[PDB]
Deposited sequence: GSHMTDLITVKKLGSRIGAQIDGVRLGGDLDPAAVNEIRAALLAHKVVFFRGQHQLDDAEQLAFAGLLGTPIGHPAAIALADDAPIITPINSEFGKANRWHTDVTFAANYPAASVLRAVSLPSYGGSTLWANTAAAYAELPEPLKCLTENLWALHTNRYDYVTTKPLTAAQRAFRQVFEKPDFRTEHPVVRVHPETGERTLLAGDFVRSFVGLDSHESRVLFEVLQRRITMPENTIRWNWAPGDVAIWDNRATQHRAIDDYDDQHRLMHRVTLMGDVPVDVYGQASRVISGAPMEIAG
């Protein structure tokens, strides 16, 4: 299997792989290794994939279930990863952004490390979920610390409205720096997988309003732990199921 780096901090393309549910366990393994190391990986020309064949291949990586955000973070046990397939694409626009929340963290100045390591945020959905997540989580498989924030954040705990907004923007500025991100131009047969535990993503609304359809499969993740081993606190449950 070939994995080519697309950027120094994030992104990688993978070929020599016909995505589907009957993959050799060692191919599935090299893909995961790449996914964890590159945060978002891309597959071209998987015109063969359909909804069910895609659902089947995601079953191999884990347990199936605009603006900058990590997926569903208003819930305590939000997704670990997602498999997204292009199905109907607009003649122009419709490209997608991802940022590396692990690298964002590692690159912090130590003062900002100390602050984030001790900062918690309340994540809300504008069904009513409210959750208190650490701003730094320890990645369950890599041990890498990653910044947890994004659009679902409503406030930092213990801080006033003004300071919350301002610090949020400071961190979002560092996460979404172009050097730390990748913009993907979708072509038919394109497939994207990303580690929702070490990324944020953002749809770009620049196909005016043509027709756009992508299919998505989401894998189960677990509750974030901060650097001291404390878990996210649910304020308005409940967890995600299945």
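Missing from the model, by position in the deposited sequence, are residues 1 to 7, 73 to 97, 159 to 180, 297 to 298.
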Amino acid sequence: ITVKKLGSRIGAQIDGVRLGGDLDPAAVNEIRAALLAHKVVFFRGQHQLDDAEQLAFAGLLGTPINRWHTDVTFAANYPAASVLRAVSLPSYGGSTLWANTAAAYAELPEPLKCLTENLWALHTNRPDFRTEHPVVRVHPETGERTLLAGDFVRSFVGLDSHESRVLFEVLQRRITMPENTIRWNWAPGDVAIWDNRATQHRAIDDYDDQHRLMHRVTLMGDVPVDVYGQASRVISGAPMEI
From here on, numbers count along this sequence of modelled residues.
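Compared with other PDB entries of the same protein, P127 is missing from at least a third of those that resolve the residues around it.
The mean C-alpha temperature factor is higher for 55 to 63 when 34 to 42 and 55 to 63 are set side by side. Averaged over CA atoms, B-factors in the entry run higher in 44 to 52 than in the other of 44 to 52 and 192 to 200. For the set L122, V136, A104, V87, the PDB entry puts the maximum C-alpha B factor at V87. The entry lists a Cα temperature factor for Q210 that places it in the highest third of the chain's modelled residues.
When all modelled residues of the chain are sorted by CA temperature factor, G221 is found within the lowest third. Looking at the C-alpha B-factors along this chain, the one for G150 belongs to the lowest third. Remark: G143 belongs to the lowest third of its chain, ranked by C-alpha B-factor as recorded. Sorting the modelled residues of the chain by their CA temperature factor places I14 in the highest third.
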